[PDB]
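The chains referred to below are lettered A, B, ... by the order of the sequence lines, with proteins before strands, and numbering in each begins at 1. Computation of the quantities below employed the complete heavy-atom set of this structure, encompassing side-chain atoms and omitting hydrogens, waters and symmetry-equivalent molecules.
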Amino acid sequence: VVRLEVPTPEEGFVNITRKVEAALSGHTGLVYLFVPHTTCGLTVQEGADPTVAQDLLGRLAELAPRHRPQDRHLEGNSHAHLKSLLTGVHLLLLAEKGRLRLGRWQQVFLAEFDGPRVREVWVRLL
Amino acid sequence: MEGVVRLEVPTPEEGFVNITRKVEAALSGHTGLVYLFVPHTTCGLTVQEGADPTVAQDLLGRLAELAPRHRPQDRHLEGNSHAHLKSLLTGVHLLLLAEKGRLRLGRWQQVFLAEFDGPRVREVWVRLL
Amino acid sequence: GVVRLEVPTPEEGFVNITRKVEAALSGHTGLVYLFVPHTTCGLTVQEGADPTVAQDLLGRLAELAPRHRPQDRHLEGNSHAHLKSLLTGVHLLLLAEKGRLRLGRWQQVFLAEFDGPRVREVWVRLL
């Protein structure tokens with residue numbers, strides 16, 4: 001497995017498409033991605049129009065508000081745990097000659113919900 | 001594409017399209033894991049129940065409440081942010097077991113292309129491992 | 001070609017199946033596929049050692065997917081569970097090294113039950 005280091009903001013979708021492809025070495029086949037974290041996730045979504053990620057983050061904040069009196073996990077990041085579960089922490093994608101095989105408007109994002117930090121993303125070719 | 005089958009699936013404005021048989025038809029009797037992917041950002045892939053039509057009905061109804069089309073705060077002018085969210089929540093890929101061309105699923109499971117912004121003709125890629 | 005785990009579950013909760021999966025690996029190294037042949041439970045990787053994380057996850061999911069929704073047409077009444085299942089997902093792909101699942105120090109593998117109590121199956125396959 002190849003380990004990528006990805007600095008992240010307090011909250012946001014970090015495009016890691018190029019960093020991943022940089023670890024493919026001309027690979028044509030499947031690519032496994034995994035984040036060994038519980039308060040961030042991985043997703044494939046549109047990046048071309050920056051307002052898409054804006055609305056995704058905004059809407060997720062409404063489904064998973066930071067403020068919840070009933071929360072028992074007082075450290076305060078239960079909202080991030082929920083966002084991570086909803087998004088997912090692993091991906092499996094296809095690549096062609098070192099490039100991720102994605103749709104017209106797709107980019108690979110490390111969705112940070114509890115940063116800022118330097119997150120790790122594991123990459124494995126198969 | 002080489003080694004990857006491209007299925008093209010017609011979809012309604014919104015709904016769960018059962019693509020179980022169409023995926024199986026692309027397996028050529030394969031035995032092993034099967035990878036599925038939609039190269040789209042406003043639809044998804046999920047494994048759910050089709051036997052009772054109301055399951056899909058309630059899923060779409062509830063997803064609309066979680067991701068309403070109408071949101072003044074949206075910055076994405078095109079107006080489909082709701083579909084982008086439903087897609088993110090559902091997921092855009094699946095990995096399933098197949099035996100001699102048939103998907104191995106639970107008694108109440110079917111493979112669905114979850115359309116949130118149609119009607120369209122979506123693509124679904126199939127890769128045999 | 002797959003190993004089946006029989007996992008007991010409560011009415012609802014995150015059942016840690018990390019050790020059960022590893023026992024079935026018998027020292028295997030490589031990618032491992034997990035799948036639940038069910039539509040009202042799911043599979044996810046989350047923090048386990050702290051009981052409050054799972055509690056808040058279940059609490060918030062119940063708020064996002066209420067059990068009693070007037071508009072529901074699925075009379076059986078478990079559409080909330082079907083939704084939670086769809087939102088969580090029903091399969092996982094994880095790396096294993098010498099029989100141990102490669103995970104972050106605070107991650108555990110969970111069968112997320114939303115409509116128990118019952119016994120769920122988890123299919124395991126070595127790639």
Handout entry: Shared hydrophobic cluster, B:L63 / A:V52 (ILVMFWY, side-chain heavy atoms < 4.5 Å)
Key = yes
Problem - By salt bridge (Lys or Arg N to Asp or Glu O under 4.0 Å) - contacts of A:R117 (at least two apart) - result: A:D114
Practice task
List in chain and number order the residues that pass side-chain contact (heavy atoms from CB on, under 4.5 Å) with A:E10, two or more places apart in sequence or in another chain; answer none if no residue qualifies.
Solution key: A:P116
Exercise for the section: For the pair C:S85 (side chain) and C:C41 (backbone), establish whether a donor and an acceptor sit closer than 3.5 Å, ignoring hydrogens and angles. Expected result: yes
Fill in the blank from the handout: Hits for side-chain contact (heavy atoms from CB on, under 4.5 Å) against C:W106, two or more places apart or cross-chain, chain-then-number order -> C:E47
Exercise for the section: Of all the heavy-atom pairs spanning A:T8 and A:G115, show the shortest one and how long it is. Expected result: OG1-CA, 4.2 Å
Run the side-chain donor-acceptor check on residues 86-103 of chain C: report pairs under 3.5 Å with partners two or more places apart or on a different chain.
unit_1 : atom_1 : unit_2 : atom_2 : d
C:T88  : OG1    : C:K84  : O      : 2.9

Problem - B:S81 side, atom OG; B:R71 side, atom CZ - distance, nearest 0.5 Å - result: 8.0 Å
Exercise for the section: Given side chain to side chain contact (heavy atoms under 4.5 Å, CB included), test A:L82 with C:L64 step by step and report yes or no. Expected result: CA-CA 11 Å; A:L82 174 59; C:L64 290 170; 3.9 Å; yes
Problem - Same apolar cluster (I L V M F W Y, side chains within < 4.5 Å links), B:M1/B:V5 - result: yes
Completion exercise
dist C:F14:CZ -> C:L43:CG (nearest 0.5 Å) comes out at 11.0 Å
Completion exercise
Value for CD1 (A:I16) from CZ (A:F109), rounded to nearest 0.5 Å, stands at 9.5 Å
Exercise for the section: Please assess A:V31 against A:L125 for the test side chain to side chain contact (heavy atoms under 4.5 Å, CB included), listing each intermediate value before the final yes or no. Expected result: CA-CA 5 Å; A:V31 180; A:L125 312 181; 4.3 Å; yes
Exercise for the section: Might you work through the side chain to side chain contact (heavy atoms under 4.5 Å, CB included) test for B:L27 and B:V126, ending with a clear yes or no? Expected result: CA-CA 8 Å; B:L27 303 181; B:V126 186; 4.2 Å; yes
Exercise for the section: Please name all residues satisfying salt bridge (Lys or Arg N to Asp or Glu O under 4.0 Å) with B:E115, sequence neighbours left out, ordered by chain then number. Expected result: B:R122
Problem - Pair B:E65 + B:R62: basic N to acidic O under 4.0 Å - result: no
Problem - Distance-minimising heavy-atom pair for A:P9 and A:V14 - result: CD-CG2, 3.8 Å
Handout entry: Contacts of type side-chain contact (heavy atoms from CB on, under 4.5 Å), residue B:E2, not counting sequence neighbours
Key = none
Exercise for the section: May I ask whether B:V38 and A:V44 are part of the same hydrophobic cluster, defined by side-chain heavy atoms of I, L, V, M, F, W, Y residues being less than 4.5 angstrom apart, directly or through others? Expected result: yes
Exercise for the section: Test C:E12 against C:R67 for side chain to side chain contact (heavy atoms under 4.5 Å, CB included), laying out the working first. Expected result: CA-CA 12 Å; C:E12 64 161 40; C:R67 284 168 178 283; 3.3 Å; yes
Fill in the blank from the handout: The single option from C:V122, C:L34, C:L111 that satisfies side chain to side chain contact (heavy atoms under 4.5 Å, CB included) with C:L5 is C:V122
Problem - Contacts of A:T17 that satisfy side-chain hydrogen bond (donor to acceptor under 3.5 Å, both in side chains) - sequence neighbours left out - result: A:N15, A:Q107
Fill in the blank from the handout: Of all heavy-atom pairs linking C:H80 and C:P66, the shortest is CB-O, 3.5 Å
Problem - Gap separating the CZ atom of C:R125 from the CG atom of C:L31, nearest 0.5 angstrom - result: 13.0 Å
Problem - Sequence-distant partners of A:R72, salt bridge (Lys or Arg N to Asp or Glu O under 4.0 Å), two or more places apart - result: none
Problem - Inter-residue atom distance A:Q45.CD - B:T42.OG1, 0.5 Å rounding - result: 8.5 Å
Exercise for the section: With sequence neighbours left out, write down each residue that passes salt bridge (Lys or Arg N to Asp or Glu O under 4.0 Å) with B:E78, or none if nothing qualifies. Expected result: none
Completion exercise
Applying side-chain hydrogen bond (donor to acceptor under 3.5 Å, both in side chains) to C:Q55 and not counting sequence neighbours gives none
Exercise for the section: Determine which pairs satisfy ring pair (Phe, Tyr, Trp, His ring centres under 6.0 Å) with at least one residue from residues 21-43 of chain B, sequence neighbours left out, and list them in order. Expected result: B:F37-B:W125
Problem - Where at least one partner belongs to residues 43-73 of chain A, residue pairs that pass ring pair (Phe, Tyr, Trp, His ring centres under 6.0 Å), sequence neighbours excluded - result: A:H73-A:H81
